[PDB]
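Next comes just one chain, in structure tokens: the form deposited in one PDB entry.
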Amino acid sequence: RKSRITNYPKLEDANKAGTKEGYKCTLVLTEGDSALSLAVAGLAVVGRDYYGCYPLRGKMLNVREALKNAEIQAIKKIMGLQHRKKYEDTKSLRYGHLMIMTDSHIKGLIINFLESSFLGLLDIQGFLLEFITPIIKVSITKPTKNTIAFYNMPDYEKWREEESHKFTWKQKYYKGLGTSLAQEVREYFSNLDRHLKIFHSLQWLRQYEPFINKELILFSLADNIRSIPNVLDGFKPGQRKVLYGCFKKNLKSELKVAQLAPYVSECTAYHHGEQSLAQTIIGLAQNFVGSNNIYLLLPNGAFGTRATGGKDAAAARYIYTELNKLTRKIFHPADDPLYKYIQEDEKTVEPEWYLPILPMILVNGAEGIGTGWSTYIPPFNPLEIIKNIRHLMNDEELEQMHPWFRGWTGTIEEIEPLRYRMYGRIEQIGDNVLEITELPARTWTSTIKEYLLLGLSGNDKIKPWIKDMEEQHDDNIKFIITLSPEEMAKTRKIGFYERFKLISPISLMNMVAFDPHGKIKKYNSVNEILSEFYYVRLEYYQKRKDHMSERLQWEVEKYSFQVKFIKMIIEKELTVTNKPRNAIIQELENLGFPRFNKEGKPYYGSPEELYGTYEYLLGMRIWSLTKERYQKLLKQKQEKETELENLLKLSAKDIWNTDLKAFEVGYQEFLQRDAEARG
């Protein structure tokens, strides 16, 4: 019985407004010429059956101060709003929803009118609605490409934690500014129309109503920085932040991966565009064959198995993690004072890069996809890496290194430089019976079982070539496969390894990373990566020595003067008793006693933190004046002198090899402790 509006010419009344289905219709109020064009653009998608359109305001010449009654009547007449009433349902109205488009102060005015005159209206579930432009857009690339949007930060944050691990994703450049606004509006009306269809069928419900190209390159830089790792530590800023957070917290005991995450995030200004923090933590701890050769963090829980490639990991809250006992032998703490900690918003964060004792980017390898750049570096044998480090220290030729996976047992062959073929293992254990005890390194068990099931119980357009298959996988791989004499013969012809997909390639033709200087580079060989790392590590071992010796020397002087001070008072050559402050400061200065600041640096001569104080002397306890204590001070002095001399006897390479040896011991232990855990 369509109640018709005759007094408003500019109104394009929804065909079904004023009818029984009016509660399903939506009225779009527009402000400004451009908002009208957009409303219409959106309406071209959804139609005029359940959508009405009315220009509330046209163009404003005057200026905006922080509702004309004619506008109130328009809204009321069109909406069917009768009298001052407390609304509970929109069944007595011509339209069920109201949308406002502003091109942003008029929305408030309308809101005030509605609340002031019609109480329950704005409190009705999906009544009010507004056009919102998304802040973040994400490129989902695995399960399928589709650019899901997020209209406000929190929606992004929730998806990032509870959903990001299912899709291989990245953030795309999106301003949602000018020319693209037309399509943005269509997408809004398109999504909105879907929601209303289901909202009204169920009558569960989410709510809409609860350039300068420099920024393009600015986005491409950050993406590569997030995506490609640094050659020195093999880390991407995200992983580095996590490790830094672990070193920072001085963790002795384990923590839930859900617990450690907010700590790293608060402590390291972890960017929002980055991958999920928990996911980053789990990646660092994964210990199944195919993951980390050396996992810096310990997987105390289900961090993923070989079957799905860790995709079946438990939730962050259900899993615990701690630092691997070996990690601190790889990342030597004596190197910490040497690093350049990045300064962000008055807070010092993780280093530009860490400098492990052996190339971690070669140990565990790396993988990532950025904008214009991508990288893949397989894992290599740390034992062999150390051997090559020593070859460099001793001016000996480097030996070529080929990919190597911890706990793996197949075979890898070089077909040509930078190209390999990785094999699993399949042997005939009887007539027509072939058992598979190994698969290529990064081939997940699920992939092979499904291939076996497909050939066992043929699919459309491919007929059964396998007779019987049986899994007996304990912790190791073991597919017992039986074939028909005719198929067994065709397996010999096509090939046992090719037919059961036990061969996968490894390419070293895209080993990309950031050099020590931060400029992206493509390395043409593994030795090229090892050598670049070597010279920087060698340099920093000299830096470590120098940093340590300078301080030990300072301590030698401190103890020397402390012993002098005490001794002189003991033998009554110096008296402190009842002597004025300034008199003692001058007396100590005249005797040649240096001042010491907070960092322990001495300052000799006449003039704070720039000069220091005599606090190391007069600040000593009266206990120091006693016998045993004084003899103790003498022993500390002597031991400090010996400690310095012991250091000055060593070269940068002597210290490096000492660390290397300490690593070798811990690594053999890491290896047995790892084979024992998963076997």
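In this text, rigid core is short for the largest set of C-alphas that superpose within 1.5 Å between two forms. For every residue, the number given is its place in the sequence shown, counted from 1.
Quick note: we don't show the form deposited in another entry, though the next part is all about it.
Core-superposed comparison between the shown form and the other one: among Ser525, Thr168, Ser504, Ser446, the single residue whose C-alpha moves by 2 Å or more is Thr168. Relative to the superposed rigid core, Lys653 undergoes a CA displacement smaller than 2 Å between the shown form and the other one. Relative to the superposed core, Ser116 undergoes a Cα shift of 2 Å or more between the shown form and the other one. In the core-superposed comparison between the shown form and the other one, the C-alpha atom of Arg406 has shifted by less than 2 angstroms. CA of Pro262 to CA of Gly273: closer by 3 Å or more in the other entry than in the shown form. By 3 Å or more, the C-alpha separation between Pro237 and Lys137 grows in the other entry relative to the form shown here.
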